[PDB]
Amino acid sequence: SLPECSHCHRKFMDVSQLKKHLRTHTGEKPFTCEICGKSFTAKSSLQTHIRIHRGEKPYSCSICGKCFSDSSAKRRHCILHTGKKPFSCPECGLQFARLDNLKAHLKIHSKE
């Protein structure tokens, strides 16, 4: 009997996580950047965005040393040092390291 959203009927760990999810249906962004004025849905997104203004890149690759202000961009980059390409085109067989690029490569097949 986890807290269930009345709109989309999905459930969450506690009532505070549901209240945070309520904003995905309303579009409310209550965390505003003081520098540029852009607003964000979560405080952790605002803290990440502020590091862009200040040039703070604490996330660095242990293999090549490339630095990132965004922890997900660093996590996404470090995978490239493994060379894995787990996404294969169903039409031509071209393999991609990222699903975003196969999505784009399926468009060129759609327009043939």
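One-based numbering along the sequence shown. Definition used throughout: the rigid core is the maximal C-alpha set that superposes within 1.5 Å between two forms.
Between 101-109 and 3-11, greater CA displacement relative to the shown form is found for 3-11 when the structures in 5 other deposited structures of this protein are fitted on the core.
Remark: stretch with higher mean C-alpha B factor among 5-13 and 90-98 is 5-13. The stretch 77-85 shows the higher mean C-alpha B-factor when 77-85 is compared against 39-47 in the entry.
Ranked by C-alpha B-factor against the other modelled residues of its chain, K20 falls in the lowest third. The entry lists a Cα temperature factor for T32 that places it in the middle third of the chain's modelled residues. Ranked within its chain, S72 lands in the lowest third, by CA B factor from the PDB record.
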